[PDB]
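Before any comments, here is the structure.
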Amino acid sequence: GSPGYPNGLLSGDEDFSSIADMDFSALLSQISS
Amino acid sequence: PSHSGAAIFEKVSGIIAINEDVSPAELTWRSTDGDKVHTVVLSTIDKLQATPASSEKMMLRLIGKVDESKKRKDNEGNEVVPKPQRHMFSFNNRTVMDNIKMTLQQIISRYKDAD
């Protein structure tokens, strides 16, 4: 379609690695519900 | 073994380098020119987690050393344990992260035996 610029400054920079820590434990194990 | 490749840290893209033959080996991220620099001493690192080739993500985590024997409890007496800090690096290829982690993994296993 059309390219765009993603924005993610709703806090800072270190606030996305706290929720992306719940992201990393599901990748090495990977379970389907 | 390559020790150096290409990594992103804090949304600023740069190049990653491993520091051996030095005082305890350190994983040094620098900016694409190298005006910005971050350093990970592996004698202070316990674990490392990287994004699989099946994962939508391109990243590499570095887990720091924490003292978990200082187990804390809340007002009711519930176990609240302080967690280690992890250092992430974004990548473009899985063949690099697995080669950086490979070296790293071989560095921490030296500080894991402590001789």
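Residues are named by chain letter and number: chains run A, B, ... in the order of the structure tokens, numbers start at 1 in each chain, and ligands are numbered from 1 in the order shown.
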Write out as a tab-separated table the residues of chain B that have any atom within 8 Å of an atom of chain A, one row each with the nearest atom pair and its distance in Å to one decimal, counting only C-alpha atoms, sorted by chain and then rising number.
```
residue	atom	partner	partner_atom	distance
B:10	CA	A:13	CA	6.9
B:49	CA	A:24	CA	7.9
B:51	CA	A:27	CA	7.1
B:52	CA	A:28	CA	7.0
B:55	CA	A:27	CA	6.3
B:88	CA	A:17	CA	8.0
```
Could you save the residues just selected, with N, CA and C atoms, as an mmCIF file, in the first residue's frame?
```
data_model
loop_
_atom_site.group_PDB
_atom_site.id
_atom_site.type_symbol
_atom_site.label_atom_id
_atom_site.label_comp_id
_atom_site.auth_asym_id
_atom_site.auth_seq_id
_atom_site.Cartn_x
_atom_site.Cartn_y
_atom_site.Cartn_z
ATOM 1 N N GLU B 10 18.937 0.882 21.516
ATOM 2 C CA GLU B 10 18.149 2.101 21.841
ATOM 3 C C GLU B 10 17.727 2.873 20.572
ATOM 4 N N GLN B 49 19.901 -14.374 25.738
ATOM 5 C CA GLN B 49 18.749 -14.902 24.975
ATOM 6 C C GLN B 49 18.614 -14.184 23.624
ATOM 7 N N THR B 51 16.657 -13.973 19.546
ATOM 8 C CA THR B 51 15.439 -14.267 18.757
ATOM 9 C C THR B 51 15.676 -15.433 17.767
ATOM 10 N N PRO B 52 14.896 -16.564 17.864
ATOM 11 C CA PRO B 52 14.981 -17.682 16.890
ATOM 12 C C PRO B 52 14.720 -17.242 15.442
ATOM 13 N N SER B 55 11.177 -16.727 14.932
ATOM 14 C CA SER B 55 10.666 -15.516 15.576
ATOM 15 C C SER B 55 10.563 -14.342 14.601
ATOM 16 N N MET B 88 19.205 -5.807 25.400
ATOM 17 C CA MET B 88 18.746 -6.242 24.072
ATOM 18 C C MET B 88 19.527 -5.528 22.951
#
```
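All residues in chain A with a DSSP state of alpha helix (DSSP H), computed from the backbone, read residues 25, 26, 27, 28 and 29 of chain A.
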Margin query: My list of candidates is B:50, B:79, B:8, B:36. Which is closest to residue 99 (chain B) when distances are computed with only C-alpha atoms?
Written below: B:50
Next item on the list: Mind checking which residues fall within 8 Å of residue 15 (chain B), counting only C-alpha atoms, ignoring those fewer than 4 positions away in the same chain, and posting them as a list in words?
Entry: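 These residues fall inside the cut-off: residues 4, 5, 6, 7, 8, 29, 30, 31, 32 and 34 of chain B.
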Next item on the list: Could you check how far CA of residue 61 (chain B) sits from CA of residue 101 (chain B), in Å to one decimal?
Entry: 9.3 Å
